[PDB]
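Engineer: Sharing coords_3.tsv here; it has TSV, C-alpha atoms.
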chain	number	residue	atom	x	y	z
A	7	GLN	CA	24.06	7.91	54.93
A	8	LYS	CA	23.90	5.64	51.92
A	9	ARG	CA	27.62	6.44	51.90
A	10	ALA	CA	27.63	3.91	54.62
A	11	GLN	CA	24.41	2.08	53.43
A	12	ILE	CA	25.86	1.50	49.95
A	13	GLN	CA	29.28	0.59	51.54
A	14	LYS	CA	27.36	-2.01	53.51
A	15	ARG	CA	25.20	-3.33	50.51
A	16	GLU	CA	28.34	-3.49	48.29
A	17	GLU	CA	30.49	-5.14	50.84
A	18	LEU	CA	27.76	-7.72	51.37
A	19	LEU	CA	27.06	-8.63	47.77
A	20	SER	CA	30.75	-8.85	46.92
A	21	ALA	CA	31.36	-11.08	49.97
A	22	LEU	CA	28.43	-13.33	49.21
A	23	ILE	CA	29.30	-13.64	45.51
A	24	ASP	CA	32.96	-14.44	46.39
A	25	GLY	CA	31.88	-17.05	48.91
A	26	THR	CA	29.21	-18.65	46.74
A	27	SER	CA	31.48	-18.86	43.75
A	28	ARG	CA	34.44	-20.36	45.68
A	29	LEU	CA	32.14	-22.92	47.36
A	30	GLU	CA	30.39	-24.06	44.24
A	31	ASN	CA	33.55	-24.15	42.06
A	32	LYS	CA	35.39	-26.46	44.47
A	33	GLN	CA	35.23	-30.06	43.22
A	34	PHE	CA	33.98	-32.56	45.81
A	35	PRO	CA	36.69	-35.21	46.27
A	36	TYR	CA	35.29	-38.72	45.62
A	37	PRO	CA	37.66	-41.76	45.81
A	38	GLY	CA	39.31	-43.05	42.66
A	39	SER	CA	41.12	-46.30	41.83
A	40	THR	CA	43.26	-46.10	45.02
A	41	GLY	CA	40.11	-46.12	47.18
A	42	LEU	CA	40.02	-44.79	50.73
A	43	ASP	CA	43.76	-44.45	51.14
A	44	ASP	CA	45.44	-41.91	53.43
A	45	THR	CA	45.84	-39.39	50.51
A	46	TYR	CA	42.18	-39.64	49.66
A	47	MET	CA	40.99	-39.31	53.24
A	48	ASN	CA	43.21	-36.22	53.79
A	49	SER	CA	41.77	-34.63	50.69
A	50	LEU	CA	38.24	-35.24	51.98
A	51	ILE	CA	39.05	-33.88	55.43
A	52	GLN	CA	40.85	-30.78	54.05
A	53	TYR	CA	37.89	-30.17	51.73
A	54	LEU	CA	35.48	-30.26	54.67
A	55	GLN	CA	37.73	-28.08	56.85
A	56	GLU	CA	38.09	-25.37	54.19
A	57	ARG	CA	34.41	-25.54	53.29
A	58	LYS	CA	33.54	-24.97	56.96
A	59	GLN	CA	35.56	-21.78	57.07
A	60	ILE	CA	34.03	-20.34	53.88
A	61	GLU	CA	30.47	-21.43	54.83
A	62	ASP	CA	30.88	-19.88	58.28
A	63	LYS	CA	32.11	-16.52	56.80
A	64	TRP	CA	29.21	-16.62	54.25
A	65	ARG	CA	26.54	-17.09	56.94
A	66	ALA	CA	28.20	-14.41	59.12
A	67	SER	CA	28.18	-11.99	56.21
A	68	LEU	CA	24.52	-12.69	55.49
A	69	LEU	CA	23.52	-12.24	59.15
A	70	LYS	CA	25.42	-8.99	59.41
A	71	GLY	CA	23.60	-7.81	56.26
A	72	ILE	CA	20.26	-8.74	57.91
A	73	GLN	CA	21.26	-6.99	61.23
A	74	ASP	CA	22.43	-3.83	59.50
A	75	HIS	CA	19.27	-3.60	57.35
A	76	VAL	CA	21.42	-3.76	54.19
A	77	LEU	CA	18.91	-6.12	52.48
B	7	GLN	CA	6.66	-5.60	36.22
B	8	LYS	CA	5.60	-7.75	39.14
B	9	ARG	CA	4.89	-10.17	36.29
B	10	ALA	CA	8.56	-10.62	36.45
B	11	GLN	CA	8.89	-9.57	40.19
B	12	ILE	CA	6.35	-12.19	41.29
B	13	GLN	CA	7.96	-14.76	38.86
B	14	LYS	CA	11.19	-14.02	40.69
B	15	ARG	CA	9.70	-14.13	44.31
B	16	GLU	CA	7.82	-17.38	43.46
B	17	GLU	CA	10.72	-19.04	41.82
B	18	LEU	CA	12.83	-18.18	44.86
B	19	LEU	CA	10.52	-19.38	47.59
B	20	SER	CA	9.74	-22.62	45.77
B	21	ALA	CA	13.48	-23.25	45.22
B	22	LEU	CA	14.37	-22.50	48.80
B	23	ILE	CA	11.53	-24.60	50.22
B	24	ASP	CA	12.50	-27.54	47.92
B	25	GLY	CA	16.13	-27.26	48.94
B	26	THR	CA	15.49	-26.85	52.66
B	27	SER	CA	13.08	-29.72	52.78
B	28	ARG	CA	15.34	-32.13	50.83
B	29	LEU	CA	18.34	-31.19	53.01
B	30	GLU	CA	16.62	-31.56	56.32
B	31	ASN	CA	14.73	-34.77	55.41
B	32	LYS	CA	17.92	-36.60	54.43
B	33	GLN	CA	19.06	-38.88	57.27
B	34	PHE	CA	22.70	-38.39	58.31
B	35	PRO	CA	24.47	-41.75	57.91
B	36	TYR	CA	26.11	-42.81	61.21
B	37	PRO	CA	27.92	-46.22	61.40
B	38	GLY	CA	26.05	-49.27	62.64
B	39	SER	CA	27.20	-52.71	63.81
B	40	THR	CA	29.51	-53.14	60.77
B	41	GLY	CA	31.45	-49.99	61.75
B	42	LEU	CA	33.52	-47.99	59.30
B	43	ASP	CA	33.43	-50.52	56.50
B	44	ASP	CA	33.66	-49.62	52.80
B	45	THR	CA	29.80	-49.56	52.46
B	46	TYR	CA	29.48	-47.19	55.37
B	47	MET	CA	32.24	-44.87	54.20
B	48	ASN	CA	30.72	-44.70	50.69
B	49	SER	CA	27.37	-43.79	52.17
B	50	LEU	CA	28.98	-40.99	54.16
B	51	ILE	CA	30.90	-39.67	51.16
B	52	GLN	CA	27.85	-39.84	48.84
B	53	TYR	CA	25.80	-38.04	51.51
B	54	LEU	CA	28.36	-35.23	51.68
B	55	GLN	CA	28.69	-35.01	47.88
B	56	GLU	CA	24.92	-34.73	47.33
B	57	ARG	CA	24.52	-32.32	50.23
B	58	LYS	CA	27.19	-30.08	48.67
B	59	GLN	CA	25.27	-29.85	45.43
B	60	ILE	CA	21.94	-28.99	47.10
B	61	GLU	CA	23.56	-26.54	49.57
B	62	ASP	CA	25.40	-24.82	46.71
B	63	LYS	CA	22.15	-24.43	44.65
B	64	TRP	CA	20.33	-23.16	47.81
B	65	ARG	CA	22.93	-20.44	48.49
B	66	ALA	CA	23.00	-19.50	44.78
B	67	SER	CA	19.23	-19.16	44.78
B	68	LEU	CA	19.28	-16.99	47.89
B	69	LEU	CA	22.01	-14.73	46.49
B	70	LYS	CA	20.19	-14.32	43.21
B	71	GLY	CA	17.07	-13.37	45.20
B	72	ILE	CA	19.14	-10.75	47.10
B	73	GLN	CA	20.72	-9.42	43.81
B	74	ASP	CA	17.39	-9.19	42.03
B	75	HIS	CA	15.71	-7.39	44.96
B	76	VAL	CA	13.13	-10.21	45.20
B	77	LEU	CA	13.31	-10.16	49.05
C	7	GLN	CA	0.67	-6.12	64.49
C	8	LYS	CA	4.35	-5.47	65.04
C	9	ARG	CA	3.53	-7.23	68.31
C	10	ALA	CA	3.72	-10.23	66.14
C	11	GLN	CA	6.07	-8.61	63.50
C	12	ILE	CA	8.66	-7.73	66.14
C	13	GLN	CA	8.13	-11.19	67.81
C	14	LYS	CA	8.97	-12.63	64.42
C	15	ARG	CA	12.04	-10.30	63.68
C	16	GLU	CA	13.40	-10.93	67.23
C	17	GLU	CA	12.88	-14.61	67.15
C	18	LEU	CA	14.69	-14.72	63.81
C	19	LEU	CA	17.73	-12.66	64.69
C	20	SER	CA	18.23	-14.46	67.98
C	21	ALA	CA	17.94	-17.85	66.23
C	22	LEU	CA	20.32	-16.89	63.47
C	23	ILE	CA	22.87	-15.38	65.85
C	24	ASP	CA	22.71	-18.51	68.09
C	25	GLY	CA	23.15	-20.78	65.11
C	26	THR	CA	25.93	-18.79	63.46
C	27	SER	CA	27.87	-18.47	66.66
C	28	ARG	CA	27.59	-22.19	67.58
C	29	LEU	CA	28.61	-23.22	64.04
C	30	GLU	CA	31.59	-20.95	63.76
C	31	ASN	CA	32.88	-21.58	67.32
C	32	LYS	CA	32.98	-25.35	66.83
C	33	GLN	CA	36.54	-26.49	66.07
C	34	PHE	CA	36.87	-28.64	62.95
C	35	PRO	CA	38.43	-31.97	64.00
C	36	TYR	CA	41.62	-32.66	61.97
C	37	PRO	CA	43.68	-35.84	62.74
C	38	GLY	CA	46.59	-35.65	65.15
C	39	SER	CA	49.49	-38.00	65.89
C	40	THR	CA	47.17	-41.04	66.13
C	41	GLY	CA	45.98	-40.48	62.54
C	42	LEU	CA	42.69	-41.81	61.21
C	43	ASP	CA	41.95	-44.08	64.14
C	44	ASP	CA	38.43	-45.05	65.24
C	45	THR	CA	38.35	-42.18	67.86
C	46	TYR	CA	39.31	-39.64	65.24
C	47	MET	CA	36.83	-40.89	62.66
C	48	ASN	CA	33.99	-40.84	65.24
C	49	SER	CA	34.85	-37.27	66.13
C	50	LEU	CA	34.69	-36.29	62.46
C	51	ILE	CA	31.39	-38.07	61.91
C	52	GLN	CA	29.81	-36.63	65.09
C	53	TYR	CA	31.01	-33.17	64.04
C	54	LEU	CA	29.33	-33.53	60.65
C	55	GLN	CA	26.13	-34.97	62.15
C	56	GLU	CA	25.75	-32.13	64.67
C	57	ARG	CA	26.67	-29.51	62.09
C	58	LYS	CA	23.93	-30.86	59.80
C	59	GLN	CA	21.31	-30.38	62.47
C	60	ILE	CA	22.34	-26.80	63.29
C	61	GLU	CA	22.78	-25.85	59.59
C	62	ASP	CA	19.35	-27.30	58.78
C	63	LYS	CA	17.66	-25.32	61.64
C	64	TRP	CA	19.55	-22.15	60.51
C	65	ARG	CA	18.34	-22.41	56.90
C	66	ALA	CA	14.79	-23.23	58.10
C	67	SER	CA	14.82	-20.17	60.32
C	68	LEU	CA	16.03	-17.95	57.49
C	69	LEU	CA	13.40	-19.29	55.07
C	70	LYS	CA	10.63	-18.80	57.59
C	71	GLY	CA	11.86	-15.21	58.07
C	72	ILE	CA	11.72	-14.71	54.26
C	73	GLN	CA	8.19	-16.33	54.05
C	74	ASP	CA	6.82	-14.27	56.92
C	75	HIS	CA	8.20	-11.00	55.50
C	76	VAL	CA	10.23	-10.48	58.71
C	77	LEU	CA	13.28	-9.26	56.71
Before we go any further, please render this structure as structure tokens.

Structural biologist:
Amino acid sequence: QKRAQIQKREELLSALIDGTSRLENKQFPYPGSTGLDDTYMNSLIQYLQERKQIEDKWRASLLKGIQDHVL
Amino acid sequence: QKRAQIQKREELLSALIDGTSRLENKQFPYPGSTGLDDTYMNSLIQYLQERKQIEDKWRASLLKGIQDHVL
Amino acid sequence: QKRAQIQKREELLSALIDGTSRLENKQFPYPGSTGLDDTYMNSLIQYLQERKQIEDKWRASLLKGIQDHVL
């Protein structure tokens, strides 16, 4: 049914919008006056680690949408 | 109209091709003989910061294409 | 033909599944008790360098799929 096929298309768009928005709204951490200190480097690493998770969910969501013929 | 629906499909493909090509053609900076010096680390950080921007535009373009039924 | 159009849709899905799975299954390297030592920083850099390659192939595969009307 579309009952399912709209559940799928809705799921997908909501997931992709959520993902896209959270990814793009995150500020990239660039060093300030303290340079490449331990605080800075942690912030960079934590940024990359979080971004991985959200990117990975985003691609997975897209692929599922492609597999399920939702787009 | 397709006047719009081709404007949309054309926009999209051009944007995605531009993005894809700029992302893939960028060389990943790996340390050389000077190791993890301040020059190297800046080059890595600037690479990541730029790549974020282009990746974020690319995903946004794709999502818009999905939302507008252009693909 | 679909002979080609299924070759294309099959190629694509297999490529995207391969890519997605390899990206998401890779553990993000976060520093341990030794901190930001040269071993750690190499592991981070090698992670990013590999991830670039696989991400870039994944996007290229997707775009080709969009261009060839396979999805």

Engineer: When you get a sec, could you note down which chain A residues fall within 7 Å of chain C, using all atoms listed in the file, as JSON, numbers by chain?

Structural biologist: {"A": [55, 62, 65, 66]}

Engineer: Fit chain A to chain C: least squares, all C-alpha atoms, paired in order; write the output as a compact mmCIF listing (two decimals) with C-alpha atoms, in the frame of the given file.

Structural biologist:
# COMPACT_ATOMS: atom_id res chain seq x y z
CA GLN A 7 0.68 -6.12 64.49
CA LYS A 8 4.35 -5.48 65.04
CA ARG A 9 3.53 -7.23 68.32
CA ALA A 10 3.72 -10.23 66.13
CA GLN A 11 6.07 -8.62 63.49
CA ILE A 12 8.66 -7.72 66.15
CA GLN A 13 8.13 -11.19 67.81
CA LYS A 14 8.97 -12.64 64.42
CA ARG A 15 12.04 -10.30 63.68
CA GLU A 16 13.39 -10.93 67.23
CA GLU A 17 12.89 -14.61 67.15
CA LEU A 18 14.68 -14.72 63.81
CA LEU A 19 17.73 -12.66 64.68
CA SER A 20 18.23 -14.46 67.98
CA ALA A 21 17.94 -17.85 66.23
CA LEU A 22 20.32 -16.89 63.46
CA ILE A 23 22.88 -15.38 65.85
CA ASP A 24 22.71 -18.50 68.09
CA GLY A 25 23.15 -20.78 65.10
CA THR A 26 25.92 -18.79 63.46
CA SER A 27 27.87 -18.47 66.66
CA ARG A 28 27.60 -22.19 67.59
CA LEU A 29 28.61 -23.22 64.04
CA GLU A 30 31.59 -20.95 63.76
CA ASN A 31 32.87 -21.58 67.32
CA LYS A 32 32.98 -25.36 66.84
CA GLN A 33 36.54 -26.48 66.07
CA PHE A 34 36.87 -28.64 62.95
CA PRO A 35 38.43 -31.96 63.99
CA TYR A 36 41.62 -32.66 61.98
CA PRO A 37 43.68 -35.84 62.74
CA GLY A 38 46.59 -35.65 65.15
CA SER A 39 49.49 -38.00 65.89
CA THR A 40 47.16 -41.05 66.13
CA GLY A 41 45.98 -40.48 62.54
CA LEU A 42 42.69 -41.81 61.21
CA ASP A 43 41.94 -44.08 64.13
CA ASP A 44 38.43 -45.05 65.25
CA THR A 45 38.36 -42.18 67.85
CA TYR A 46 39.31 -39.64 65.24
CA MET A 47 36.83 -40.88 62.66
CA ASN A 48 33.99 -40.84 65.24
CA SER A 49 34.85 -37.28 66.13
CA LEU A 50 34.70 -36.29 62.46
CA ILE A 51 31.39 -38.07 61.91
CA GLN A 52 29.80 -36.63 65.09
CA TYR A 53 31.00 -33.17 64.05
CA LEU A 54 29.33 -33.54 60.65
CA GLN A 55 26.13 -34.97 62.15
CA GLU A 56 25.74 -32.13 64.67
CA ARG A 57 26.67 -29.51 62.09
CA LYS A 58 23.93 -30.86 59.80
CA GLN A 59 21.30 -30.38 62.47
CA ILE A 60 22.34 -26.80 63.29
CA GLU A 61 22.78 -25.85 59.59
CA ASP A 62 19.35 -27.30 58.78
CA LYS A 63 17.66 -25.31 61.64
CA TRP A 64 19.55 -22.14 60.51
CA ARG A 65 18.34 -22.41 56.90
CA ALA A 66 14.80 -23.23 58.10
CA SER A 67 14.82 -20.17 60.33
CA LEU A 68 16.03 -17.96 57.50
CA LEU A 69 13.40 -19.29 55.07
CA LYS A 70 10.63 -18.80 57.59
CA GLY A 71 11.86 -15.21 58.06
CA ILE A 72 11.72 -14.72 54.26
CA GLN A 73 8.19 -16.33 54.05
CA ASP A 74 6.81 -14.27 56.92
CA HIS A 75 8.21 -11.00 55.50
CA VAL A 76 10.23 -10.48 58.71
CA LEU A 77 13.28 -9.27 56.71

Engineer: Hey, can you check how far atom CA of residue B:43 sits from atom CA of residue B:56?

Structural biologist: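 These atoms are spaced 20.1 Å apart.
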
Engineer: Excluding residue C:76 and its own-chain neighbours fewer than 4 positions away, which residues fall within 7 Å of it when counting all atoms listed in the file? Please give them as a PyMOL selection string.

Structural biologist: chain C and resi 11+14-15+71-72

Engineer: Would you compute the distance between atom CA of residue C:74 and atom CA of residue A:12? Give it in Å to one decimal.

Structural biologist: 25.7 Å

Engineer: What gap, in Å, lies between atom CA of residue B:44 and atom CA of residue A:38?

Structural biologist: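 Computing the Euclidean distance for atom CA of residue B:44 and atom CA of residue A:38 yields 13.3 Å.
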
Engineer: Mind working out the centre and edge lengths of an axis-aligned box for stretch 47-57 of chain A, all listed atoms inside, 8 Å added to each side, rounded to one decimal in Å and written as AutoDock Vina command-line options?

Structural biologist:
--center_x 38.8 --center_y -32.3 --center_z 53.8 --size_x 24.8 --size_y 29.9 --size_z 22.2

Engineer: Between A:75, A:59, A:53, A:69, which has the minimum distance to residue C:18 (counting only C-alpha atoms)?

Structural biologist: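 Ranking A:75, A:59, A:53, A:69 by distance to residue C:18, first place goes to A:69.
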